[PDB]
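> my sequence and its experimental structure, below.
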Amino acid sequence: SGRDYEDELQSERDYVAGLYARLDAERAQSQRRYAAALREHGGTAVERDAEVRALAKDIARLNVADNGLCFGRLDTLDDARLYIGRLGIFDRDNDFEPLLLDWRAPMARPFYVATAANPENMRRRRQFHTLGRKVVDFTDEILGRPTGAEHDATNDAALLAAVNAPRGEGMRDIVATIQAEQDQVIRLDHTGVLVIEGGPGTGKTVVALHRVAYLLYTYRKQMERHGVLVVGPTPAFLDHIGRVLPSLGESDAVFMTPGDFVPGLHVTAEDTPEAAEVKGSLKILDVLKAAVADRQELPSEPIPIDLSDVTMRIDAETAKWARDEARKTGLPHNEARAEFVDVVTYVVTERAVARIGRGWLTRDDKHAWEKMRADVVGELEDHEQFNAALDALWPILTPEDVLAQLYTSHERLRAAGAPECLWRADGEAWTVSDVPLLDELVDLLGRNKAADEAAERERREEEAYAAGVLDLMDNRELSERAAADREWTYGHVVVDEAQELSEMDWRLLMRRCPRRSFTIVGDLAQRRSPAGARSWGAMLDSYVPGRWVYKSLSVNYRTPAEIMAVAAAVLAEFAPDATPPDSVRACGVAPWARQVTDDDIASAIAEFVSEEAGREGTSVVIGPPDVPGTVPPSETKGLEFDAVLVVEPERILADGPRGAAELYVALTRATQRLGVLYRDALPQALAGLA
């Protein structure tokens with residue numbers, strides 16, 4: 001925040017205001033011509049209709065571009081300024097100098113594909129963050145070795161400028177290496193599944209978003225109507241993405257946490273690690289199917305049907321055989337219900353007619369036999385007891401019913417083949433591991449056609465009553481339509497912190513992306529989830545074996561080396577095979593530790609809070625929920641802060657079998673300074689932090 005930035009922003013605001021003035025002038029001219037064409041067009045009806053439609057299309061085109069007219073600016077190496085927006089605007093008075101470029105024009109291509117290691121003759125790319133007509137702010141990206149001058153809202157420019165290292169045995173530009181790796185990630189031709197993995201502080205998220213922007217510009221024909229699915233660990237991370245997400249053209253993005261997959265349901269609770277592991281693996285699919293198959297009951301004792309004349313019954317043999325036929329049909333449960341009903345009806349009807357036709361009737365009397373069968377079927381259809389018995393043997397199911405009955409009772413649990421770990425008192429107390437099972441049960445169960453039809457006709461009847469005429473009887477945004485439907489298929493899927501996704505989450509995401517375009521971002525060592533990935537292949541080979549590309553970003557520049565010494569020391573203990581990233585930037589202040597006493601903890605935390613108010617940037621306190629004014633490390637899993645104050649490393653390191661990774665994430669969050677307080681002693685680590 002500074003007067004220079006404010007003045008540059010004001011200049012850009014004035015330019016955008018002039019653009020909007022031109023927009024309004026053109027819209028006024030178009031509206032006047034539209035009225036004139038409606039009222040006084042002397043041509044034929046077809047010509048009048050054509051001109052009126054052209055003007056209406058023009059007016060609609062102007063209106064849709066009113067919001068967020070301008071995307072940003074390109075500063076060429078030759079100092080030429082190009083403005084990129086939703087529409088092209090030209091001066092007829094000066095031979096059509098473009099005041100604004102339509103983002104799809106070739107001259108606007110660099111705004112999407114340009115990179116800091118293979119620039120398209122451009123010096124700088126500036127992005128405008130806007131609301132309505134006003135520019136809320138702007139952010140600069142320098143396509144070279146930045147000097148840390150211009151404001152970027154990501155600090156990458158200043159941090160890269162703050163690089164510090166000797167030339168080395170072989171002279172290396174260091175910065176150019178980072179630019180080259182990020183470019184080679186971004187400009188990759190492979191449009192299939194891509195995996196980006198790098199140590200913390202390498203800015204993997206922004207690189208991935210740049211890759212997404214490049215893909216969505218290059219292949220806009222194949223993806224723009226399908227949109228993007230951005231999956232994040234926490235809502236705050238998705239707000240961060242919303243802040244830093246580059247231009248997508250006319251496309252749109254749908255933001256979801258793994259607990260948001262089921263439309264209309266939000267879940268935050270976490271299971272025990274054992275239950276999480278069993279629910280996350282694909283071998284739960286064997287349980288779920290079994291849990292469905294168990295709902296197809298059989299009579300305990302024969303069920304009297306009591307036809308008006310022949311006192312029929314349905315028995316174990318008939319029910320068993322009809323259930324086998326329905327299962328063989330291969331349709332979902334709520335669809336195979338119809339086959340089950342049909343088979344039982346046929347068996348009962350044939351027995352009943354054979355009884356009625358005793359002596360005098362035989363199958364060779366084809367017509368009499370068929371009409372007798374039709375009569376008996378008609379009588380059965382309205383037979384309340386028969387229908388109730390069938391509904392008791394093969395009920396219509398919903399996913400919540402299946403999972404609640406499965407979790408709440410040990411009998412159905414054993415029948416499905418699940419272990420005792422899954423039992424819980426409350427069936428419908430959903431947890432993040434249940435969401436993919438609920439989604440899969442929608443495919444396993446399906447819809448019952450007759451029930452939906454009856455509900456529709458009823459709804460029409462009550463709506464006619466409400467309208468008071470009883471006796472006489474979408475234009476949504478891409479994200480709105482996409483998030484409301486589970487069947488929506490996305491053109492691209494972005495997953496950051498992807499190591500936390502279990503096998504079932506990957507199954508769901510692949511179900512929602514048949515095109516198999518994925519940008520997967522994460523770091524395996526940082527995994528906190530019990531069911532997370534141990535290796536990318538184990539997750540991705542079930543879908544794209546040998547057709548997924550791996551890229552890495554070893555160089556680390558955003559987070560100081562001094563705290564990285566401690567982070568690498570911890571990494572050496574909870575993961576002996578792990579190799580930390582190459583740190584190429586030391587801070588001006590080393591991290592610090594102190595043994596804060598029991599009552600001094602609040603004083604120290606408040607002191608840090610007070611100090612960070614006069615500072616510049618953003619900072620946070622990481623600690624157990626038991627300590628006032630602190631957040632757990634998992635709540636910061638994908639974020640970055642200037643200053644972090646960590647509470648009781650020896651305590652948060654012990655919760656769960658994966659606490660060391662949580663502490664590693666917590667320590668590595670900071671970009672400027674790291675303070676830590678402990679109570680007993682250092683946890684046989686952090687010796688380089690004092």
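Good, I have the coordinates. Numbering: from 1, shown residues only.

> most centrally placed residue in the chain?
For the chain, the residue sitting closest to the mean C-alpha position, by CA atoms, centre = their mean, is residue 231 at 2.9 Å.

> and the spatially closest residue to that one that is not a sequence neighbour, how far from residue 569?
Leaving aside its chain neighbours, residue 231 sits nearest to residue 495 (4.7 Å; criterion: CB to CB, 6 or more residues apart in numbering). No exception for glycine: its C-beta is placed from N, CA and C like everyone else's. Per CB to CB, to the nearest Å, residue 495 is found 30 Å from residue 569.

> counting contacts, what elements does the host helix or strand of the residue nearest to residue 231 pack onto?
Per DSSP states H and E, residue 495 falls inside strand 492-496. Using 3 or more CB pairs under 8 Å, 6 or more residues apart in numbering; DSSP states H and E, the elements in contact with strand 492-496 are helix 204-218, strand 228-231, strand 518-522.

> need the ones you listed in CSV with distance to residue 469, can you?
Below are the helices and strands packed on strand 492-496 laid out as CSV (distance: least, CB to CB, whole Å):
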stretch, distance to residue 469
helix 204-218, 48
strand 228-231, 43
strand 518-522, 52
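
> right, so of the ones you listed, which gets closest to residue 348?
Nearest to residue 348, of all the helices and strands packed on strand 492-496, is strand 228-231, at 49.5 Å by CB to CB.

> got the contact list for the closest one?
212, 216, 238, 241, 245, 248, 251-258, 482, 490-496, 498, 501, 509, 512-513 (CB atoms under 8 Å, 6 or more residues apart in numbering).

> after that strand comes which helix or strand?
helix 235-244.

> check which helices and strands that following helix sits against.
Counting by 3+ CB pairs under 8 Å, 6+ apart, helix 235-244 packs on helix 204-218, strand 253-256.

> strand 492-496 and that helix, what's the angle between them?
120 degrees (axes from the mean of the first three to the mean of the last three CA atoms, to 10 degrees).

> so which bits of helix 235-244 are buried?
237, 238, 240, 241 (16 or more other CB atoms under 10 Å).

> and stretch 44-59, by the same measure?
For stretch 44-59, by 16+ other CB under 10 Å, it's 51, 52, 55, 58, 59.

> go on, stretch 423-438?
Those would be 427, 430, 431, 432, 433, 434, 435, 436, 437, 438, for stretch 423-438 by 16+ other CB under 10 Å.

> tell me which of those fall in helices.
434, 435, 436, 437, 438 (DSSP state H).

> could I get these as CSV with distance to residue 90?
Formatted as CSV, those follow (distance: CB to CB, whole Å):
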residue, distance to residue 90
434, 56
435, 51
436, 52
437, 56
438, 54
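
> now flag whichever of the residues you listed is closest to residue 689.
residue 435 (38.8 Å).

> wait, doesn't the closest one sit right on residue 265?
Yes: contact between residue 435 and residue 265 holds when scored by CB atoms under 8 Å: they sit 6.9 Å apart.

> what about the residue nearest to residue 231, how many residues nearby?
Using other CB atoms under 10 Å, the number of residues around residue 495 comes to 24.

> pretty sure it sits against residue 513.
No: using CB under 8 Å, residue 495 makes no contact with residue 513, being 10.3 Å away.

> thought residue 418 was touching residue 409?
No: between residue 418 and residue 409 there is no contact under CB under 8 Å: 11.1 Å.

> okay, those two: which has more neighbours?
When neighbours are counted by other CB under 10 Å, residue 418 and residue 409 differ, and residue 418 comes out ahead with 23 against 13.

> skipping adjacent residues, who's closest to the more buried one in space?
In space, residue 418 is closest to residue 287, 4.8 Å off (CB to CB, 6+ apart).

> identify the residue spatially nearest to residue 319, adjacent ones excluded.
Distances taken as CB to CB, 6+ apart place residue 298 nearest to residue 319, at 5.0 Å, with adjacent residues excluded.

> what distance do you get for that neighbour to residue 325?
Distance from residue 298 to residue 325, by CB to CB: 14 Å.

> more crowded one of these two?
residue 325 (16 against 13).

> the host helix or strand of residue 675 pairs with which strands?
Using DSSP H and E, residue 675 sits in strand 670-677. Using DSSP bridges, the strands paired with strand 670-677 are strand 592-594 (parallel), strand 641-647 (parallel).

> for residue 125, which of those is the nearest?
strand 641-647 (24.8 Å).

> so what's the gap between the closest one and the chain middle?
Strand 641-647 has its average C-alpha position 28 Å from the chain's average C-alpha position, going by CA atoms, centre = their mean, to the nearest Å.
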